[PDB]
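Starting off, we have a lone chain in the form solved without the ligand, written out as structure tokens.
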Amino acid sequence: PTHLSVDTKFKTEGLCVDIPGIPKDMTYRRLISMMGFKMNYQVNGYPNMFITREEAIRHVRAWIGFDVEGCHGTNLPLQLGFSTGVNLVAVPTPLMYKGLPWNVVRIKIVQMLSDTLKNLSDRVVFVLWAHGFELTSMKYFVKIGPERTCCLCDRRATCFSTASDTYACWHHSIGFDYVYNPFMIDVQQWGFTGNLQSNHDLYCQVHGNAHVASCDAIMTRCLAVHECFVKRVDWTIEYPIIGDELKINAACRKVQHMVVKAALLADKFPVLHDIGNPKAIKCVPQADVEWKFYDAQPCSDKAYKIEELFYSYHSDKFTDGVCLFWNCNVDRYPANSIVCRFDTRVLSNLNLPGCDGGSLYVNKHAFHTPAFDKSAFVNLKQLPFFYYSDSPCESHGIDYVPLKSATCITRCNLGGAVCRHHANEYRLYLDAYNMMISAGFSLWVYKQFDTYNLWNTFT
């Protein structure tokens, strides 16, 4: 059962204030038909406009919360709100646009979805808390049919133009007027008691109710993110590569080895406490240090409390040596720590808005991360950039400008002139470092960390 059967029942109780008299007995087949669409017994990749919770999770990058509020409904204006923060007024004659006819509103909808989604997904999934008007407004901006490809590329078609009678993906849709073969999911079908605001406000204080359609669209998508990624965590779902995923992950491994290796050399801790990932391997396998592991899955709701991770009777002394928290989000890091913490506020194609300040970081897997909080790092300082290498000065095997840098911690820089090998490795490491920081990761270290202590490791 790959797709959602059209003959599945759809609960219509949430629809009856906007649509009084709505039949209690309803299927997706009958609902799509009443929304003014015709599926025509077509076996061409679009079996249902509506999708399962499982299909929505795999297409989280395509999620766009959508709500429609009656301003005054064929005779009255409609306020269309999207989780992008946009509000458009459609007339049948927190950005707020004045009343305009459907023929111009639909051009704006195609532009907005195309700009938001071209670098995220091959589709759109309208996330709803369906009350009626949003479903009956879809016939004014949506066209359906067989699965098609773009007129200018191989990507699947997401838009249609009535002017040219052609189809386009999100990348080539300038001037297009119809959303083609969108997907949608009604959060109210999952079984909730009470309205949208009461269910959303149970888990989130960051999204308020300013009483506009875009606030509801935002609350709806936030509630769906909470249900599918915060309280239910699935690390077996893989997601496509849409950017610098591989470079970011390779950089993260390079930076971790570099920072931990230099902390061990500079301060000679007798024991390292590695807290986090139950499948972690020693990042510095040749280090002398006693390596002790403590399992903690990535927290997706609230940050771990250091009192619960550490106190309940382990070397016992976490105060001895150093603590390594590589993406293990805690409320307050101990002073003897090496930390990598993802900054949820970062703007990127990998980082989607999350629940209660948190963010949904999608890189191979989906990781809902609790809100970045500066007070967690009060016992530490920001880790400054440095490159450290004790490998021999030898080239082996891209042109050159002599490198001059106070942060290239090598025997050759100590001796006055950086060798070509360490200059090539430094620049590669600096590129990897900048990639990781720009992806949203932040590095923190114990206050006594000083790179001046690495120079005497060459004697």
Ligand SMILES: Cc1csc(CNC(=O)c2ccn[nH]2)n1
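Numbers follow the displayed sequence, beginning with 1.
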Open item on the list: Going by the PDB record, how many residues of the deposited sequence fall between residue 416 and residue 417 without any coordinates: none, 1 to 3, 4 to 9, or 10 or more?
Closed with: none
Task: residue 313 to residue 314: deposited residues without atomic coordinates - done: 1 to 3
- [ ] Averaging the C-alpha B factors as listed in the entry, name the stretch that ends up higher: 257 to 265 or 224 to 232.
- [x] 224 to 232
Open item on the list: So, looking at the entry's B-factor column for Cα atoms, which has the higher mean, 212 to 220 or 235 to 243?
Closed with: 235 to 243
Task: Which of 64, 408, 430, 39 ranks first by CA B-factor in the deposited coordinates - done: 39
Open item on the list: Using only the C-alpha B-factors in the record, can you name which of 107, 380, 76, 352 has the highest?
Closed with: 76
TODO: Compare the C-alpha B factor of residue 26 with those of the other modelled residues in its chain, then answer lowest, middle or highest third.
DONE: middle
Open item on the list: What third of the chain does residue 134 rank in for C-alpha temperature factor, lowest, middle or highest?
Closed with: lowest
Task: Third assignment of residue 101 from its chain's C-alpha B-factors - done: middle
Open item on the list: Based on the deposited C-alpha B factors for this chain, I'd like to know if residue 459 is in the lowest, middle or highest third.
Closed with: highest
TODO: Relative to the other modelled residues of the same chain, rank the CA B-factor of residue 2 and answer lowest, middle or highest third.
DONE: highest
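A second form of this protein, the form solved in complex with the ligand, is not displayed here; the remarks below concern that form.
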TODO: Quick one: borrow the ligand from its position in the entry with it bound, overlay the C-alphas round the pocket, and report open or blocked for the shown form (blocked = 3+ atoms within 2.4 Å of backbone or C-beta).
DONE: blocked
Open item on the list: Quick check on residue 211: any heavy atom within 4.5 Å of the ligand in the entry with it bound?
Closed with: yes
Open item on the list: Since only the chain is shown here, I'm wondering whether residue 71 would be in contact with the ligand in the entry with it bound (any heavy atom pair within 4.5 Å).
Closed with: yes
Open item on the list: I'd like to check something about residue 383: if you look in the entry with it bound, is any of its heavy atoms closer than or equal to 4.5 Å to a heavy atom of the ligand?
Closed with: no
Open item on the list: Is residue 89 part of the interface with the ligand in the entry with it bound - any heavy atom within 4.5 Å?
Closed with: yes
TODO: Let me know the one among 188, 79, 389, 114 whose heavy atoms come within 4.5 Å of the ligand in the entry with it bound, would you?
DONE: 79
